[PDB]
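Working notes for the structure below.
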Amino acid sequence: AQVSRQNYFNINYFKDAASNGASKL
Amino acid sequence: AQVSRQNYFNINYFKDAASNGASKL
Amino acid sequence: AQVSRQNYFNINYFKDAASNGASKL
Amino acid sequence: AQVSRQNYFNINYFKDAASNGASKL
Amino acid sequence: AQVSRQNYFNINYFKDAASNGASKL
Amino acid sequence: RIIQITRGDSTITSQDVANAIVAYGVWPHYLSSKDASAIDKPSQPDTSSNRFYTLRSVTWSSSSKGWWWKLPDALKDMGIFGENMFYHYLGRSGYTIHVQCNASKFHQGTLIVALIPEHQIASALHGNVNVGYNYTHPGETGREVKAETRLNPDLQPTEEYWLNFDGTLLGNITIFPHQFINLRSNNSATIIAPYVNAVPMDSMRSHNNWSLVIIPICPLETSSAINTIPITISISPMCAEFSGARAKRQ
Amino acid sequence: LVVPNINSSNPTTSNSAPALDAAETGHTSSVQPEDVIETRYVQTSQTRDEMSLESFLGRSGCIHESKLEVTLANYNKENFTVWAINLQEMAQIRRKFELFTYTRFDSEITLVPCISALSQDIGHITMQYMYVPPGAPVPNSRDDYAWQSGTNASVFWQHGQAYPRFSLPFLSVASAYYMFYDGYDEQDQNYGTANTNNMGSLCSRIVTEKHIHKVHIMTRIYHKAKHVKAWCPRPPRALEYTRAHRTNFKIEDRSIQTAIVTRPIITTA
Amino acid sequence: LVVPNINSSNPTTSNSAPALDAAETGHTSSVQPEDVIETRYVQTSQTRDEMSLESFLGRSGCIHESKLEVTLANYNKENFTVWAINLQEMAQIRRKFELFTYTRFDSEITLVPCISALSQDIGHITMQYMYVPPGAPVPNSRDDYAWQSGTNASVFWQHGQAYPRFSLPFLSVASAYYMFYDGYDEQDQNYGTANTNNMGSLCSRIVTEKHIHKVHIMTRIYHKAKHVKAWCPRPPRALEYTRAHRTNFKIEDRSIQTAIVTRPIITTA
Amino acid sequence: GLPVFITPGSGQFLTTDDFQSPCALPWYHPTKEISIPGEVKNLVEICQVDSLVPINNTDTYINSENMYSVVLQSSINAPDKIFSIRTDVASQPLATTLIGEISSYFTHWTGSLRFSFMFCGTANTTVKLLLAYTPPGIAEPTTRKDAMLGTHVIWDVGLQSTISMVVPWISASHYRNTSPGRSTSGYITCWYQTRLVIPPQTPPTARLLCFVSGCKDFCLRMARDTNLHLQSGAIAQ
Amino acid sequence: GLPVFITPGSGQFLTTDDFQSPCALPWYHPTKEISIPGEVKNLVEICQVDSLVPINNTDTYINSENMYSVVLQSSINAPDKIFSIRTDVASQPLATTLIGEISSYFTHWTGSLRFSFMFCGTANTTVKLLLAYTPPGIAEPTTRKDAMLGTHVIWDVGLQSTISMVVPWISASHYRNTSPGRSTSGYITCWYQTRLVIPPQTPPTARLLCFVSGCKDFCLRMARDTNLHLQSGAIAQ
Amino acid sequence: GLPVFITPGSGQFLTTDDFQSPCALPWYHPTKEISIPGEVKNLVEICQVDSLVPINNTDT
């Protein structure tokens, strides 16, 4: 789904979840 | 949705909204 | 939609329409 | 649609069909 | 479909299946 | 193979002619509200100037080499058309043109007539030179082509007719709307054109938005003592319009 | 866009016959090939699409040659160039456009910067370009404030960077570029395109500060017209070019040796 | 965003007439072009979008010039620079903003690093930048602990790398940047923008350790304002700049040669 | 990774580019836009502002208000010329107007211009005057009747302060270039349609001030770093 | 960022590439396309135009109109050859025609060619003539009867001005190369089918002009920077 | 532009690779495949052909 604070869709693609290193509040 | 002046779809993907730096009229 | 002469979908993404520089017949 | 021998979707995007140079059997 | 351990969609695109070299458990 | 012609007040015929191709098939018309640049309601002299006018007699021989004109300048003296042109900064007009060239059944030779666009004439001399206004704008007096001694040669155009005076091959000239006076085929020839420019209307005296060429592709002859025939051309402007009225131009 | 098929044509003769015409009409002659050949039906099925304008105009070619030497003695003054934008000084591209009254297109522009060493190394080098539309202040000096460019299209290249490119839209104050013009700027000099075709200039300048390497920079600049439209075809150039804007062709101490070649007799092929 | 079409205007006269006004009102004068020309209807249909603020402000330009020499004798001390952030010392960009009371925008920032060789080679070189907001500890030395940057926006470039860029959001403690100010910091010095416009500074420093190549590094730094807004237009600068924050223009041993040019008589164009 | 391949025009910086970019300062938030008065969206609203021509651009007036003004001579029984100017938006003196500068920041212009004129003389005084425009390709007029053949207005100097009038857009091309080199757009020209008449022992003099702005018709293209202003050397601080 | 990996063919410039590109001049807008006459979409409409062959390509005619023309001799009781030419579109002289140049800008051609011919002599005069084509692999004919075995037309010179006729496409391959090296497409050849007869004291002479164009059948491939024209050195300005 | 990052195996040429590529010759069109006899899809049909052994591989 789209970004809650915002007006666009973007989501993870790199393999293992810990490796993302970018969190919501 | 598609571009109002135009014939194609394109939308933001970079993280924080101010950082886009490209506005409609 | 897909390419009329062809078997795949591809469409513009660069910002201002004149800048595309590639036309159908 | 998805790849018949396989488990994923991938399709052409480069402009003129002859230029692809990769065929099914 | 989405990743079973996870919260996002990602899937193969390179041509021949053996060449992927990355497996589920 | 017969026609009659009627514009503004005046009429023309040949009873040995094949009809004009209309240039690009576009029958002449006024500007559009969709395309215009100029703001006023422009000057429509209509019948009083979208009527025929004709040039002084040229005449030709086996020895003759060619003739041409640049428009509207070739018509600067055509009363209403001429002054309405000179009193405005801008205007536009197409043209109907017929060239008058009868011979006997006992003559041979042929001319090509080409309507031609900006037809940007090359200099006579080599090097850092360009054509002077007096010669690009010969008026109704036109430019016949001659063998000798045209003064101010550095500012003269070239005489090289088979290089179309611009370094392009003749015979490909049929790329433009064109006809042949062929003395067997016809006794006259005709062409009609709308207005044209990259701009919706233009600075008449400053730019010859159209041009007309006639060339002796095949030499005139007869055994008769009448060794030469005149040619004359008549033109009506079409949908003629003018805008930005002020004093008479010098 | 394709030719039709050609039908079978029956062998016949009749009082009706179209093979005769009056070329003097100006119209093209008796049109049809099936008229004088008893053809078989053939799937004549060869596309004209390479023959399209978005093909023929729509292949790039070189336009101009921005050669420069890096001067040392006043590095800060000399090391820039400016060129008046025209399609009139490389023959092939010129002849594409010297084929019409007018044309309109958007432009792929592509830069092929090259550094040539007159010294044992070049080091890192960076280079500026600017489109100078007319009435922009032209840079006078490699240190000119005019290298600042708040709104002028200015762009950068450096050693090891890929070829720069940009899309330039159709520019003219009019509907289409004049390929030719038949008069003057209103006080009667510069006859022809030198009136109408004031696009201003491209510019280039070394951006790296003073450094020890004597070098030449050469940019070959390329363009392709796309999204093209063209207006009333006109005959091709028959002979060598001479004078950019001007159609001049009678060269000095020379003669008019056109593309036509002679033969000994017209009865021999 | 477009002009309207213009209608046809009938040739008329009447007791009603708008061609007369009182400019002294402050309001702009008799507005309408169809009033005094008997026009034809025209599709006046030319877009104002290039004239938009997100266009006119929204083209990048250079801002400042970070020139440095790599000192050898104390490489560890000297080889860094700091610059007070302002839009007030490159004229074109300055004049975009010297057009209003206030403006607000997000900023594309773009770095054009250049290495100039004073030696036979440059080798690999890497370079640091830091935004130093006020009350960050300013680096004193090319070896200062202040090159560590746990939260300061610090960014890196090296030979052969592409041009760095970042998006910087609108910064001010207020709604918009003061283009001008009419007073002081509260104890009455630094009159005008030198009060309000304390953005702190940009900084740069060579990151590669001591090495044999004498070199100059020059960074041209560029910015474009986008997502722009602006506040009450004000008249353009008439004369050369002089003093960054200050509107000073009366230059020393000089006279006020403005952009206006004189003519011999007012009856001659 | 996805099979990708790289087009030319990569790896350059273009000062007039258009793209997303990453943040230097993530998680930051800007100050709110309070409702400051004096909103703006485009340059055309500035074009709509009447600004004075420094009409009277000569040595004897330049370093003063007086180059915005002209002086009229009630002593003269004549039809003759009061002043004239070009009409090309980035020509002198017009370039120095704010529409002038905005046009000077641009390469193409289009649409008709508004012009305006106040009879700044003594309230007791009367005249009617000719303000006229010359469609070009021709010299600037040398009789009043020449200007009367041009498009023009005769000013009924009634109680109302100002006459306002338009040079019609009569460019061949939909645009014109903003600065002419060897080129022209036409002339403004001004003439005594009547003599100026003061009543007795009024000052033997009058003043006129002249204004211009973009009409609703007006527009520009090819924003360019303006002719109008020069920086020499470094801007000190 | 997305995991990506880079194929060869990256980082080159190809003068014949195809792609989107970023704008140098964002927010700009072009002038509108007014309805200029003389539209065009393709080169084939130029091919459809009849253009003259400079048939008579020799020293005695080259610097003149006369190389487009041939002269006929009413004095001769003979069947014999009037002229002949190749048929390869980029061969001399045909290359110099506009279809010739367009073909010279190309590497492959296909489809039949239109040819046309006017009896430019005295209106009172009569003849019938043989225009013929030679399917190749064979020498250019040396008797009229040889050409009569080829595909050909006999011209009834009626009131109507022109005979027009076609070389049929008889290439083995669907295309042929536009310029032959050591190769051939066949011949045009022309002959007195009757003698030419003027009536008494007419000029002892006649003229013929010859035209060609692409038929509806015609097409090209492999656009190439043409043989036909040369630039030496710099083009001065 | 989209945030992207580059895996190893980039920037090589492999003579046995597999990819799309851009055209040198856009707008061109090939000649049609007439029904030539002697079709083939694979090497195995060649394998199916009986061929002689040079069984008697000696000098004589």
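Cβ placement follows ideal geometry from the backbone for every residue including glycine, while neighbour counts extend to all protein chains displayed. All of the numbers you see were taken from the coordinates with simple rules; none came from a lab.
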Legend entry - Value of D in µm² per second that Stokes-Einstein yields for segment F:135-181, Kirkwood Rh from Cα pairs, at 25 °C (0.890 mPa s): 196
Inset, instruction - Quote the convex hull volume per residue of segment H:5-51, based on C-alpha atoms, as a whole number of Å³. - result: 90
Inset, instruction - With only alpha-carbon atoms counted, please give the Rg and Dmax of segment I:179-237, in Å. - result: 21.0, 59
Inset, instruction - For H:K229, go through the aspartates and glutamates and keep the ones whose alpha-carbon is under 17 Å away, minus same-chain ones fewer than eight residues off. - result: H:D49, H:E50, H:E54, H:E98, H:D106, H:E108, I:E33, I:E39, I:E45
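At 10 °C and 1.306 mPa s, grab the translational diffusion coefficient of segment G:59-146 from Stokes-Einstein with a Kirkwood Rh over Cα pairs, rounded to a whole number in µm² per second.
Details: Rh = 16.0 Å.
Once the numbers are plugged in, D ends up at 99 µm²/s.
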Legend entry - Spherically averaged projected area of segment H:160-211 from its Cα convex hull (nm²): 6.9
Legend entry - Charged-residue dipole, Cβ positions (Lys, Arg, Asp, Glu), chain J about Cα centre, Debye nearest 20: 560
Inset, instruction - Provide, in order from the shortest bin, the percent of all Cα-Cα pairs of chain J in each 10 Å bin, continuing until the bin that contains the maximum pair distance. - result: 6, 24, 28, 19, 11, 7, 4, 1, 0, 0
Legend entry - Mean-position separation - Cα centroids, segment F:1-63 and segment G:44-72, in angstrom: 40
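Evaluate peptide J:203-215: per residue, the Cβ atoms of other protein chains within 10 Å of its Cβ; return the mean as an integer. It would help to have the intermediate numbers written out before the result.
Values: counts 9, 1, 3, 2, 8, 1, 8, 1, 5, 1, 4, 1, 6.
Counting other chains' Cβ atoms within 10 Å and averaging over J:203-215 gives 4.
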Inset, instruction - Put a label point 7 Å from Cα along the Cβ direction on H:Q161, then list its distances to the equivalent points in the other copies in nm, shortest first. - result: 1.6
Inset, instruction - Distance between Cα centroids, segment F:87-129 to segment G:129-170: provide it in whole Å. - result: 44
Inset, instruction - Assign unit charges at the C-beta atoms only (+1 for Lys and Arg, -1 for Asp and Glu), then state the dipole size of chain K relative to its Cα centre in Debye, rounded to the nearest 20. - result: 300
Legend entry - Base-10 log of normalised Debye intensity for chain K (one unit scatterer per alpha-carbon) at q = 0.13 Å⁻¹: -0.86
Legend entry - 10 Å Cβ neighbours from other chains, averaged over peptide G:252-259: 5
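Determine the shielding of peptide J:67-74 by partner chains: average, over its residues, the number of Cβ atoms on other chains within 10 angstrom of each Cβ. Walk me through the numbers before you get to the answer.
Numbers: counts 7, 7, 5, 1, 3, 0, 0, 0.
For peptide J:67-74, the averaged partner shielding equals 3.
Just want to confirm a number: the relative contact order over chain I, from Cα pairs under 8 angstrom separated by 6+ residues, in percent. Walk me through the numbers on the way to the answer.
Working: 418 pairs, mean separation 76.8, N = 237.
Normalised by residue count, the contact order of chain I is 32 percent.
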Legend entry - Residues H:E24, G:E98, F:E148, H:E108 arranged by fewest to most Cβ contacts within 10 Å: F:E148, H:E24, G:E98, H:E108
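Report the charge-dipole magnitude of the protein assembly as shown in Debye, nearest 20, computed about the Cα centre from +1 at each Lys and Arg Cβ and -1 at each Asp and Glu Cβ. Mind showing how you got there, number by number?
Working: 116 positive and 115 negative charges, 147 e Å.
In debye, rounded to 20, the protein assembly as shown gives about 700.
Taking the Cβ of J:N177 as the centre, find all other residues whose Cβ is under 12 Å away and add up their charges (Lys, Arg: +1; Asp, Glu: -1). Intermediate values should be presented prior to the final figure.
Details: positive: J:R176, J:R182, J:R221, J:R224; negative: J:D88.
Taking every other residue near J:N177 into account, the sum is +3.
With 10 angstrom as the radius, rank F:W69, G:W83 by how many other C-beta atoms surround their C-beta, starting from the fewest. The partial results should precede the final answer.
Values: F:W69 24, G:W83 17.
Ascending number of Cβ neighbours within 10 Å: G:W83, F:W69.
Step by step: find N for chain F, compute 2.2 N^0.38 Å, then divide the Cα radius of gyration by it. What's the final number? Mind showing how you got there, number by number?
Numbers: Rg = 18.3 Å, N = 250, 2.2 N^0.38 = 17.9 Å.
In units of the globular-protein estimate, chain F measures up at 1.02.
If I take all pairs of Cα atoms in segment I:120-237, what percentage of them are more than 19 Å from each other?
Every Cα pair in segment I:120-237 considered, those over 19 Å come to 63 percent.
What's the whole-number percent of alpha carbon pairs in segment H:1-134 lying beyond 24 angstrom? Before the final figure, lay out each step's value.
Working: 5614 of 8911 pairs.
Value for segment H:1-134: 63 percent of Cα pairs lie more than 24 Å apart.
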Legend entry - 5 Å binning of all Cα-Cα separations within chain G, expressed as whole percents from 0 upward: 1, 5, 9, 11, 12, 12, 11, 10, 8, 6, 4, 4, 3, 2, 1, 1, 0, 0
Inset, instruction - Take the alpha carbon atoms of chain B, find their center, do the same for segment J:106-169, and report the distance between the two centers in whole angstrom. - result: 65
Inset, instruction - Using only the alpha carbons of segment G:120-269, determine the length spanned along each of the three principal axes and report them from longest to shortest in whole angstroms. - result: 68, 46, 36
Legend entry - Placed amide H near F:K65: partners under 5 Å, 5+ positions off or other chain: F:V145
Inset, instruction - Please list, in chain and number order, the residues 5+ apart from B:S23 or on another chain whose amide H is under 5 Å from its amide H, with Hs placed from the backbone. - result: H:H227
Inset, instruction - Among F:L55, G:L1, rank each residue by its count of other Cβ atoms within 10 Å, from fewest to most, as a rough exposure measure. - result: G:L1, F:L55
Inset, instruction - Check the straight Cα-Cα distances from H:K214 and name the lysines below 28 Å, setting aside those fewer than 8 residues away within the same chain. - result: G:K77, G:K210, G:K214, H:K67, H:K77
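Could you state the orientation-averaged shadow area of the convex hull built on the Cα atoms of the protein assembly as shown, in nm² to one decimal? Walk me through the intermediate numbers first.
Numbers: hull surface 291.3 nm².
Averaged projected area of the protein assembly as shown's Cα convex hull equals 72.8 nm².
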Legend entry - Under the Karplus curve 6.51 cos²θ - 1.76 cosθ + 1.60, θ = phi - 60°, whole-Hz ³J(HN,Hα) for segment G:190-199, x wherever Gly or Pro sits: 6, 3, x, 4, 4, 6, 6, 9, 6, 7
Inset, instruction - Can you tell me the alpha carbon radius of gyration of segment G:123-180 divided by the globular rule-of-thumb value 2.2 N^0.38 Å? - result: 1.43
Legend entry - Derived scalar couplings ³J(HN,Hα) [segment F:109-123; Karplus, 6.51 cos²θ - 1.76 cosθ + 1.60; whole Hz; x for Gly, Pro]: x, 7, 10, 9, 9, 10, 5, 9, x, 5, 6, 6, 6, 7, 4
Legend entry - P(r) histogram, all alpha-carbon pairs of segment F:109-220 included - 5 Å bins from 0, percent: 2, 10, 19, 21, 20, 16, 8, 3, 1, 0
Inset, instruction - Enumerate the amide H contacts of C:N10 below 5 Å, restricted to partners 5 or more residues apart or on another chain; note that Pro and chain-start residues carry no placed amide H. - result: C:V3
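For every other residue with a beta carbon closer than 13 angstrom to the beta carbon of G:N190, add +1 if it is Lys or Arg and -1 if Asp or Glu, then tell me the sum. Intermediate results must be reported in sequence, preceding the final value.
Details: positive: G:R243, G:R246, I:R182; negative: G:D182, G:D185, G:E186, G:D188.
Taking every other residue near G:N190 into account, the sum is -1.
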Inset, instruction - May I ask you to report, in nm to one decimal and beginning with the shortest, the distances from C:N12 to the same position in the other copies, taking label points 7 Å along Cα-to-Cβ? - result: 2.3, 2.3, 3.7, 3.7
Inset, instruction - Using a cut-off of 14 Å between beta-carbons, work out the net charge of the residues near F:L71 (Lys and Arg +1, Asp and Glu -1, F:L71 not included). - result: -1
